[PDB]
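Working notes, beginning with the structure itself.
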There are 2 protein chains.
Amino acid sequence: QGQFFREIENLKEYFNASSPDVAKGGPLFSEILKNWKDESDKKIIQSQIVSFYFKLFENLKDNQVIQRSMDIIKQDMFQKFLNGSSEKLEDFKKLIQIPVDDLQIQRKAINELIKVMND
Amino acid sequence: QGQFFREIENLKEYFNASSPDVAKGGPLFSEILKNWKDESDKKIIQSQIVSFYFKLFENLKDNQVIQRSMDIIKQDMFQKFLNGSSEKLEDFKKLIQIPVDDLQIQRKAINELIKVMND
């Protein structure tokens, strides 16, 4: 099923705004997302393109205008990321922005071993 | 396997700078990253944890005292989440954080739906 089809995507024209350029000022994310999942050593990118999409709806608050549905598409990103378990939740709001003193703690700096190690 | 740290991890001691021994009436770092990986179904944020990191070393540039470090430390990290292909390096420069108009051309927000199936 290609599901939530017709009413939410429907308003994508709500973010495209007042008529119709093909987003024609620059061949951009068309250029970005070109060949991407290419070959089974993927993971990375898909998750992050999805990070700015996430700061996309968070930034666009226009309360009546689309707002409820940015929330409705951003909600299903869940299933785009992981959403197997509840804790998927926690981390992203964490995964927000602005480092502050109180969050430029870097001590646990070394941390990174744990991944590619695991034979 | 993965010793190379002798002169490089030794630098973390140079970040900390002058002293006390425990970075702060924190637990924070500790309370932060404790049980994350607990369930290997969540690949995703591991990439982003290292992103603030990219948001740290690309923030300090300490002139031959700490620079080289951050240089050296900054590098090893792609090799953690993804040393898989040559490409992704590019894919980060974009990932800078500040999307300055003419750069948040959200037209395309609509295609990533595809991760939907994958198999």
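Lettering and numbering for the structure tokens are positional, with chains as A, B, ... in the shown order, residues counted from 1 in each chain, and ligands counted from 1 in the shown order.
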Residues at most 12 Å from residue 65 of chain B, counting only C-alpha atoms, excluding those fewer than 3 positions away in the same chain, as a list in words?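 The filter keeps residues 11, 12, 13, 14, 15, 17, 60, 61, 62, 68, 69, 70 and 71 of chain B.
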Using only C-alpha atoms, please write the residues we just selected to a file, as a CSV table (one decimal), in the first residue's frame.
chain,number,residue,atom,x,y,z
B,11,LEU,CA,45.5,14.2,23.1
B,12,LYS,CA,42.1,14.0,24.8
B,13,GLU,CA,44.2,15.0,27.9
B,14,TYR,CA,44.9,18.2,26.0
B,15,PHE,CA,41.2,19.0,25.3
B,17,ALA,CA,43.2,21.5,29.1
B,60,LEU,CA,38.0,24.7,17.9
B,61,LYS,CA,41.0,24.9,15.4
B,62,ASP,CA,43.5,25.3,18.3
B,68,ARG,CA,46.3,18.5,14.5
B,69,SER,CA,44.4,16.5,17.1
B,70,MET,CA,41.0,17.5,16.0
B,71,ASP,CA,42.4,17.1,12.5
Within 8 Å of segment 94-107 of chain A, counting only C-alpha atoms, which residues qualify if same-chain residues fewer than 4 places away don't, as a ChimeraX atom specification? /A:55,90 /B:12,16,23,29,45,48-49,52,56
Let's have the selection written as a compact mmCIF listing (two decimals), in the first residue's frame, with C-alpha atoms.
# COMPACT_ATOMS: atom_id res chain seq x y z
CA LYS A 55 14.08 20.26 11.57
CA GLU A 90 14.21 10.02 23.20
CA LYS B 12 42.11 14.03 24.78
CA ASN B 16 40.43 18.92 28.98
CA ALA B 23 35.18 17.26 33.89
CA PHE B 29 27.95 12.20 29.53
CA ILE B 45 21.79 8.19 15.74
CA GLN B 48 24.64 12.03 14.51
CA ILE B 49 26.46 11.58 17.84
CA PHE B 52 28.03 17.18 17.06
CA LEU B 56 33.08 20.45 17.92
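With distances taken over only C-alpha atoms, A:44 is the one residue among A:66, A:20, A:76, A:44 lying closest to residue 89 of chain B.
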Mind doing a quick least-squares superposition of chain A onto chain B, all C-alpha atoms paired one-to-one in order, and writing it out as a short mmCIF file (atom, residue, chain, number, x, y, z; two decimals) with N, CA, C and O atoms, in the first residue's frame?
data_model
loop_
_atom_site.label_atom_id
_atom_site.label_comp_id
_atom_site.auth_asym_id
_atom_site.auth_seq_id
_atom_site.Cartn_x
_atom_site.Cartn_y
_atom_site.Cartn_z
N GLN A 1 43.42 -4.89 16.95
CA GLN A 1 44.34 -3.84 17.38
C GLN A 1 43.51 -2.64 17.85
O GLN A 1 42.49 -2.29 17.24
N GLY A 2 43.98 -2.07 18.94
CA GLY A 2 43.32 -0.90 19.57
C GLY A 2 44.35 0.24 19.53
O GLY A 2 44.66 0.96 20.46
N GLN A 3 44.84 0.44 18.38
CA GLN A 3 45.77 1.06 17.54
C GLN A 3 46.40 2.42 17.68
O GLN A 3 47.59 2.50 18.07
N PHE A 4 45.72 3.47 17.32
CA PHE A 4 46.22 4.86 17.36
C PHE A 4 46.30 5.35 18.82
O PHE A 4 46.32 6.55 19.13
N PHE A 5 46.29 4.36 19.66
CA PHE A 5 46.28 4.42 21.10
C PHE A 5 46.92 5.65 21.74
O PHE A 5 46.37 6.77 21.74
N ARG A 6 48.11 5.47 22.23
CA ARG A 6 48.91 6.36 23.04
C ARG A 6 49.32 7.76 22.68
O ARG A 6 49.69 8.41 23.73
N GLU A 7 49.37 8.30 21.49
CA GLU A 7 49.78 9.71 21.30
C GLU A 7 48.61 10.67 21.05
O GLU A 7 48.71 11.84 21.47
N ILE A 8 47.58 10.25 20.32
CA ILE A 8 46.46 11.16 20.03
C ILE A 8 45.42 11.24 21.15
O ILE A 8 44.99 12.36 21.46
N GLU A 9 45.03 10.09 21.66
CA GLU A 9 44.03 10.04 22.74
C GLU A 9 44.65 10.79 23.92
O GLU A 9 44.05 11.41 24.79
N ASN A 10 45.95 10.63 23.85
CA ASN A 10 46.95 11.17 24.79
C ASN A 10 46.60 12.62 25.11
O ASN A 10 46.56 13.02 26.29
N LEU A 11 46.33 13.39 24.06
CA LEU A 11 46.02 14.82 24.17
C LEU A 11 44.56 15.10 24.52
O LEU A 11 44.21 16.30 24.58
N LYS A 12 43.77 14.04 24.70
CA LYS A 12 42.34 14.27 25.05
C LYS A 12 42.39 15.22 26.25
O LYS A 12 41.42 15.94 26.49
N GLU A 13 43.51 15.19 26.96
CA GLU A 13 43.74 16.05 28.14
C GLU A 13 43.92 17.49 27.62
O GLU A 13 43.82 18.45 28.42
N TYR A 14 44.20 17.59 26.32
CA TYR A 14 44.36 18.91 25.70
C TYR A 14 42.99 19.61 25.58
O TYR A 14 43.02 20.86 25.64
N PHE A 15 41.93 18.85 25.39
CA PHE A 15 40.56 19.43 25.32
C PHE A 15 39.95 19.43 26.75
O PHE A 15 39.06 20.29 27.00
N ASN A 16 40.39 18.54 27.62
CA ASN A 16 39.88 18.54 29.01
C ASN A 16 40.43 19.80 29.68
O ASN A 16 39.77 20.33 30.61
N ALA A 17 41.58 20.34 29.31
CA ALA A 17 42.11 21.59 29.87
C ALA A 17 42.53 21.73 31.33
O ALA A 17 42.00 21.13 32.29
N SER A 18 43.46 22.64 31.56
CA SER A 18 44.14 23.07 32.74
C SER A 18 43.93 22.30 34.03
O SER A 18 43.56 22.93 35.04
N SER A 19 44.17 21.02 34.04
CA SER A 19 44.11 20.17 35.24
C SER A 19 43.09 19.06 35.25
O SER A 19 43.13 18.21 34.32
N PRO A 20 42.24 18.95 36.27
CA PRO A 20 41.41 17.77 36.44
C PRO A 20 40.02 17.46 36.85
O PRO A 20 39.85 16.35 37.48
N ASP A 21 39.03 18.28 36.64
CA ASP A 21 37.73 17.82 37.17
C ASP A 21 37.44 16.55 36.38
O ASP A 21 37.93 16.44 35.27
N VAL A 22 36.71 15.68 37.04
CA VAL A 22 36.13 14.51 36.35
C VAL A 22 35.13 15.44 35.60
O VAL A 22 34.72 16.28 36.47
N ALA A 23 34.87 15.43 34.34
CA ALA A 23 33.87 16.47 33.89
C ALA A 23 32.75 16.36 34.92
O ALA A 23 31.72 15.73 34.63
N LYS A 24 32.94 16.92 36.11
CA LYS A 24 32.04 16.78 37.24
C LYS A 24 30.88 17.74 37.36
O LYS A 24 30.10 17.55 38.32
N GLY A 25 30.77 18.67 36.45
CA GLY A 25 29.60 19.60 36.51
C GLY A 25 28.54 18.94 35.60
O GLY A 25 28.45 19.32 34.42
N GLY A 26 27.82 17.97 36.15
CA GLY A 26 26.78 17.27 35.40
C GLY A 26 27.21 15.91 34.87
O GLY A 26 28.22 15.79 34.18
N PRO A 27 26.39 14.93 35.20
CA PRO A 27 26.50 13.52 34.83
C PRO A 27 26.04 13.15 33.43
O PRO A 27 25.57 12.02 33.20
N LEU A 28 26.08 14.07 32.51
CA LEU A 28 25.64 14.19 31.15
C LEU A 28 25.67 13.14 30.05
O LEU A 28 24.66 12.37 29.96
N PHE A 29 26.69 13.12 29.22
CA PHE A 29 26.75 12.16 28.08
C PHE A 29 27.04 10.76 28.62
O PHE A 29 27.04 9.79 27.86
N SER A 30 27.31 10.73 29.91
CA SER A 30 27.53 9.49 30.67
C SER A 30 26.09 8.92 30.77
O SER A 30 25.81 7.73 30.60
N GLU A 31 25.22 9.90 31.04
CA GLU A 31 23.80 9.63 31.14
C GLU A 31 23.30 9.38 29.71
O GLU A 31 22.46 8.48 29.52
N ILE A 32 23.80 10.14 28.74
CA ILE A 32 23.32 9.97 27.36
C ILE A 32 23.53 8.57 26.79
O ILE A 32 22.62 7.78 26.67
N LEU A 33 24.76 8.34 26.44
CA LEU A 33 25.30 7.14 25.83
C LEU A 33 25.19 5.95 26.77
O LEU A 33 26.12 5.10 26.72
N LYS A 34 24.19 5.95 27.62
CA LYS A 34 24.08 4.84 28.59
C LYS A 34 24.02 3.45 27.98
O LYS A 34 25.07 2.80 27.79
N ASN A 35 22.83 2.99 27.68
CA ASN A 35 22.59 1.64 27.16
C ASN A 35 22.52 1.46 25.67
O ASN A 35 22.26 0.32 25.19
N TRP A 36 22.76 2.44 24.88
CA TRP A 36 22.63 2.60 23.47
C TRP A 36 22.64 1.54 22.41
O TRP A 36 21.51 1.50 21.79
N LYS A 37 23.64 0.76 22.10
CA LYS A 37 23.48 -0.22 20.98
C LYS A 37 22.54 -1.36 21.37
O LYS A 37 22.19 -2.21 20.51
N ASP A 38 22.04 -1.37 22.58
CA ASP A 38 21.15 -2.34 23.18
C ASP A 38 20.65 -3.48 22.28
O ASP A 38 20.94 -4.65 22.66
N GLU A 39 19.96 -3.21 21.18
CA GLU A 39 19.43 -4.31 20.37
C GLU A 39 19.16 -4.06 18.91
O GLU A 39 18.22 -3.36 18.51
N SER A 40 19.92 -4.72 18.09
CA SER A 40 20.05 -4.81 16.66
C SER A 40 19.05 -4.15 15.70
O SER A 40 18.76 -4.68 14.61
N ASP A 41 18.59 -2.98 16.02
CA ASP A 41 17.66 -2.13 15.26
C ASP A 41 18.15 -0.70 15.55
O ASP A 41 17.43 0.27 15.74
N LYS A 42 19.46 -0.63 15.59
CA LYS A 42 20.34 0.44 15.92
C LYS A 42 20.40 1.70 15.05
O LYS A 42 19.69 2.68 15.13
N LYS A 43 21.30 1.60 14.13
CA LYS A 43 21.91 2.52 13.21
C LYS A 43 21.90 3.97 13.68
O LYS A 43 22.93 4.41 14.28
N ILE A 44 20.80 4.67 13.64
CA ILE A 44 20.64 6.07 13.93
C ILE A 44 21.73 6.80 14.73
O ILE A 44 22.70 7.32 14.17
N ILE A 45 21.52 6.79 16.02
CA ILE A 45 22.30 7.54 16.99
C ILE A 45 23.80 7.53 16.74
O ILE A 45 24.37 8.63 16.53
N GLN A 46 24.39 6.38 16.71
CA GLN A 46 25.85 6.25 16.55
C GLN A 46 26.40 7.22 15.52
O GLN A 46 27.45 7.89 15.68
N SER A 47 25.67 7.35 14.44
CA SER A 47 25.97 8.21 13.29
C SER A 47 25.93 9.68 13.67
O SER A 47 26.85 10.38 13.20
N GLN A 48 24.97 10.12 14.46
CA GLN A 48 24.78 11.51 14.89
C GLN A 48 25.58 12.01 16.08
O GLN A 48 25.93 13.22 16.10
N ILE A 49 25.85 11.19 17.05
CA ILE A 49 26.67 11.57 18.24
C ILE A 49 27.99 12.14 17.69
O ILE A 49 28.62 13.06 18.18
N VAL A 50 28.38 11.52 16.61
CA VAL A 50 29.44 11.56 15.64
C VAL A 50 29.39 12.73 14.62
O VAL A 50 30.28 12.99 13.79
N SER A 51 28.23 13.38 14.66
CA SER A 51 27.87 14.55 13.85
C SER A 51 28.31 15.81 14.63
O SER A 51 28.80 16.76 14.00
N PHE A 52 28.07 15.73 15.96
CA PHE A 52 28.50 16.87 16.77
C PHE A 52 30.01 16.71 17.03
O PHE A 52 30.69 17.73 17.23
N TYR A 53 30.51 15.49 17.04
CA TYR A 53 31.97 15.26 17.22
C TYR A 53 32.73 15.93 16.04
O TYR A 53 33.82 16.51 16.12
N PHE A 54 32.11 15.83 14.90
CA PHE A 54 32.42 16.36 13.60
C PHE A 54 32.38 17.88 13.49
O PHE A 54 33.02 18.48 12.61
N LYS A 55 31.57 18.51 14.31
CA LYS A 55 31.42 19.97 14.39
C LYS A 55 32.23 20.39 15.63
O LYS A 55 32.21 21.56 16.00
N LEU A 56 32.78 19.36 16.26
CA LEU A 56 33.59 19.42 17.48
C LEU A 56 35.01 19.86 17.15
O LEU A 56 35.56 20.82 17.71
N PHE A 57 35.56 19.11 16.22
CA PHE A 57 36.95 19.41 15.77
C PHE A 57 36.92 20.54 14.74
O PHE A 57 37.92 21.28 14.56
N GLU A 58 35.80 20.65 14.04
CA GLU A 58 35.69 21.71 13.02
C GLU A 58 35.73 23.04 13.76
O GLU A 58 36.42 23.96 13.27
N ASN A 59 35.07 23.15 14.89
CA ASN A 59 34.98 24.33 15.74
C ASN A 59 36.25 24.72 16.52
O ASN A 59 36.43 25.92 16.81
N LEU A 60 37.06 23.77 16.89
CA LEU A 60 38.29 23.92 17.67
C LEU A 60 39.63 24.20 17.03
O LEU A 60 40.65 23.63 17.48
N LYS A 61 39.74 24.97 16.01
CA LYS A 61 40.84 25.44 15.21
C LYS A 61 42.22 25.74 15.78
O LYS A 61 43.16 25.88 14.95
N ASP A 62 42.45 25.88 17.04
CA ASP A 62 43.66 26.20 17.78
C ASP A 62 44.98 25.69 17.23
O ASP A 62 45.81 25.06 17.90
N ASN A 63 45.28 26.09 16.05
CA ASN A 63 46.29 25.85 15.03
C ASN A 63 47.56 25.09 15.38
O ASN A 63 48.09 24.33 14.52
N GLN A 64 48.14 25.26 16.52
CA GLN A 64 49.35 24.56 16.98
C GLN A 64 48.99 23.52 18.05
O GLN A 64 49.51 22.41 18.11
N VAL A 65 48.12 24.03 18.90
CA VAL A 65 47.62 23.45 20.14
C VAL A 65 47.14 22.03 19.98
O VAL A 65 47.88 21.22 20.61
N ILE A 66 46.07 21.68 19.32
CA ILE A 66 45.75 20.26 19.14
C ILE A 66 45.49 20.08 17.62
O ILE A 66 45.90 19.13 16.99
N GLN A 67 44.84 21.09 17.12
CA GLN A 67 44.30 21.17 15.78
C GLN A 67 44.75 20.02 14.89
O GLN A 67 43.76 19.34 14.49
N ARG A 68 45.99 19.74 14.64
CA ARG A 68 46.38 18.66 13.72
C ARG A 68 45.84 17.28 14.08
O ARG A 68 45.61 16.45 13.18
N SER A 69 45.65 17.04 15.36
CA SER A 69 45.14 15.75 15.86
C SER A 69 43.64 15.61 16.05
O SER A 69 43.20 14.47 16.30
N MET A 70 42.91 16.69 16.03
CA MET A 70 41.44 16.73 16.12
C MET A 70 41.09 16.23 14.69
O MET A 70 40.17 15.47 14.49
N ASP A 71 41.96 16.75 13.82
CA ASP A 71 41.92 16.45 12.40
C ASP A 71 42.35 14.97 12.29
O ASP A 71 41.75 14.29 11.44
N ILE A 72 43.33 14.62 13.12
CA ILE A 72 43.70 13.18 13.00
C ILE A 72 42.60 12.35 13.66
O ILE A 72 42.32 11.32 12.98
N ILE A 73 41.97 12.66 14.77
CA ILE A 73 40.92 11.70 15.22
C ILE A 73 39.67 11.86 14.35
O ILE A 73 39.11 10.83 13.96
N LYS A 74 39.27 13.08 14.05
CA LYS A 74 38.06 13.25 13.22
C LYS A 74 38.22 12.49 11.91
O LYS A 74 37.21 12.01 11.38
N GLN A 75 39.43 12.37 11.41
CA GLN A 75 39.71 11.68 10.13
C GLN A 75 39.29 10.20 10.19
O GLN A 75 38.71 9.70 9.22
N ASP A 76 39.62 9.55 11.29
CA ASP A 76 39.32 8.12 11.45
C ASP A 76 37.85 7.84 11.78
O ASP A 76 37.43 6.66 11.89
N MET A 77 37.07 8.89 11.95
CA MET A 77 35.62 8.79 12.22
C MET A 77 34.99 8.16 10.96
O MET A 77 33.92 7.57 10.97
N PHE A 78 35.75 8.34 9.91
CA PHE A 78 35.47 7.83 8.57
C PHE A 78 34.92 6.39 8.74
O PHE A 78 33.77 6.04 8.48
N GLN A 79 35.87 5.60 9.20
CA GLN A 79 35.74 4.17 9.46
C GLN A 79 34.69 3.98 10.57
O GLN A 79 34.30 2.83 10.87
N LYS A 80 34.33 5.07 11.22
CA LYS A 80 33.33 4.95 12.31
C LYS A 80 31.93 5.04 11.72
O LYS A 80 30.97 4.38 12.16
N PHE A 81 31.85 5.90 10.73
CA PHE A 81 30.61 6.15 9.95
C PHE A 81 30.46 4.95 8.98
O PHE A 81 29.71 4.00 9.26
N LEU A 82 31.18 5.08 7.87
CA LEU A 82 31.20 4.01 6.86
C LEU A 82 32.60 3.72 6.34
O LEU A 82 33.35 2.85 6.80
N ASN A 83 33.11 4.58 5.52
CA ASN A 83 34.21 4.68 4.65
C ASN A 83 34.59 3.35 3.93
O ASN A 83 35.59 2.68 4.17
N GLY A 84 33.67 3.04 3.05
CA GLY A 84 33.78 1.90 2.14
C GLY A 84 34.17 2.49 0.77
O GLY A 84 35.01 1.95 0.06
N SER A 85 33.54 3.61 0.47
CA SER A 85 33.74 4.34 -0.79
C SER A 85 33.98 5.82 -0.51
O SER A 85 33.65 6.36 0.58
N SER A 86 34.56 6.48 -1.50
CA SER A 86 34.98 7.89 -1.52
C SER A 86 33.96 9.00 -1.30
O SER A 86 34.25 10.07 -0.72
N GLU A 87 32.76 8.78 -1.79
CA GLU A 87 31.62 9.68 -1.73
C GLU A 87 31.05 9.92 -0.36
O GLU A 87 30.09 10.70 -0.28
N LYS A 88 31.58 9.23 0.61
CA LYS A 88 31.18 9.38 2.02
C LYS A 88 31.47 10.82 2.45
O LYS A 88 30.85 11.49 3.29
N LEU A 89 32.48 11.33 1.78
CA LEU A 89 33.13 12.63 1.82
C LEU A 89 32.23 13.84 1.60
O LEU A 89 32.01 14.72 2.44
N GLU A 90 31.63 13.85 0.43
CA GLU A 90 30.75 14.79 -0.19
C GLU A 90 29.73 15.48 0.70
O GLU A 90 29.78 16.68 0.90
N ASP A 91 28.87 14.62 1.14
CA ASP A 91 27.67 14.81 1.94
C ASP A 91 27.74 15.46 3.32
O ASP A 91 26.80 16.21 3.63
N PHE A 92 28.75 15.14 4.07
CA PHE A 92 28.95 15.69 5.42
C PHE A 92 29.20 17.19 5.43
O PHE A 92 28.59 17.92 6.24
N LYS A 93 30.07 17.67 4.57
CA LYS A 93 30.44 19.11 4.45
C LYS A 93 29.17 19.85 4.03
O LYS A 93 29.03 21.07 4.15
N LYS A 94 28.29 19.04 3.50
CA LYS A 94 26.93 19.36 3.05
C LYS A 94 26.10 19.38 4.35
O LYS A 94 25.36 20.29 4.77
N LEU A 95 26.34 18.29 5.06
CA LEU A 95 25.78 17.93 6.37
C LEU A 95 26.38 18.84 7.45
O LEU A 95 26.64 18.42 8.59
N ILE A 96 26.70 20.06 7.03
CA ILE A 96 27.30 21.03 7.96
C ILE A 96 26.26 21.69 8.85
O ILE A 96 25.88 21.05 9.84
N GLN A 97 25.76 22.85 8.50
CA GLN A 97 24.79 23.65 9.25
C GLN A 97 24.42 24.92 8.48
O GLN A 97 24.98 25.21 7.41
N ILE A 98 23.54 25.73 9.01
CA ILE A 98 23.03 27.00 8.48
C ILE A 98 22.33 26.78 7.13
O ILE A 98 22.96 26.66 6.06
N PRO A 99 21.00 26.77 7.23
CA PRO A 99 20.08 26.53 6.14
C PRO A 99 19.98 27.50 4.99
O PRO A 99 19.62 27.00 3.90
N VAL A 100 20.21 28.76 5.16
CA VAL A 100 20.13 29.81 4.12
C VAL A 100 18.92 29.60 3.21
O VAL A 100 18.32 28.53 3.10
N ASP A 101 18.49 30.67 2.56
CA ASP A 101 17.32 30.69 1.66
C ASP A 101 17.55 29.60 0.61
O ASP A 101 16.84 28.63 0.38
N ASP A 102 18.65 29.83 -0.04
CA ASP A 102 19.29 29.07 -1.09
C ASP A 102 19.58 27.65 -0.66
O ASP A 102 20.40 26.94 -1.26
N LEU A 103 18.90 27.22 0.40
CA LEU A 103 19.11 25.86 0.95
C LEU A 103 18.12 25.54 2.07
O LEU A 103 18.38 25.02 3.17
N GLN A 104 16.90 25.85 1.77
CA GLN A 104 15.58 25.75 2.37
C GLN A 104 14.67 25.83 1.11
O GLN A 104 13.89 26.73 0.84
N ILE A 105 14.90 24.84 0.30
CA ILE A 105 14.35 24.52 -1.00
C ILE A 105 13.19 23.57 -1.01
O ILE A 105 12.49 23.38 -2.02
N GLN A 106 12.95 22.91 0.09
CA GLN A 106 12.05 21.89 0.56
C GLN A 106 11.17 21.14 -0.45
O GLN A 106 10.64 20.05 -0.12
N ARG A 107 11.05 21.61 -1.66
CA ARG A 107 10.22 21.00 -2.71
C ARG A 107 10.26 19.48 -2.66
O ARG A 107 9.18 18.84 -2.59
N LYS A 108 11.45 18.91 -2.65
CA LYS A 108 11.65 17.44 -2.64
C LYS A 108 11.27 16.86 -1.29
O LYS A 108 11.81 15.87 -0.78
N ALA A 109 10.34 17.50 -0.66
CA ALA A 109 9.68 17.30 0.60
C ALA A 109 9.12 15.93 0.97
O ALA A 109 9.13 15.45 2.11
N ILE A 110 8.54 15.30 -0.02
CA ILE A 110 7.91 14.00 0.00
C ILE A 110 8.88 12.85 0.13
O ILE A 110 8.65 11.85 0.83
N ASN A 111 10.01 13.01 -0.50
CA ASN A 111 11.16 12.18 -0.71
C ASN A 111 11.32 10.87 0.04
O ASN A 111 11.74 9.82 -0.50
N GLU A 112 11.01 10.91 1.30
CA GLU A 112 11.13 9.90 2.33
C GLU A 112 10.58 8.52 2.17
O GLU A 112 10.98 7.63 2.97
N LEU A 113 9.68 8.25 1.24
CA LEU A 113 9.08 6.94 1.04
C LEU A 113 10.08 5.78 0.96
O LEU A 113 10.11 4.75 1.64
N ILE A 114 10.96 6.01 0.03
CA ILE A 114 12.04 5.16 -0.46
C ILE A 114 12.65 4.22 0.54
O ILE A 114 13.00 3.07 0.14
N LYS A 115 12.77 4.55 1.81
CA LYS A 115 13.37 3.74 2.85
C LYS A 115 12.70 2.54 3.49
O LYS A 115 13.28 1.43 3.42
N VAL A 116 11.60 2.74 4.20
CA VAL A 116 10.91 1.65 4.94
C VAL A 116 10.09 0.77 4.01
O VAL A 116 9.59 -0.33 4.31
N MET A 117 9.94 1.33 2.84
CA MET A 117 9.23 0.68 1.67
C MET A 117 10.41 -0.13 1.17
O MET A 117 11.54 0.37 1.46
N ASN A 118 10.30 -1.27 0.57
CA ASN A 118 11.49 -2.07 0.20
C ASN A 118 11.35 -3.28 1.15
O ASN A 118 12.00 -3.51 2.14
N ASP A 119 10.37 -4.03 0.78
CA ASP A 119 9.72 -5.22 1.21
C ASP A 119 10.52 -6.46 1.56
O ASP A 119 11.29 -6.39 2.54
#
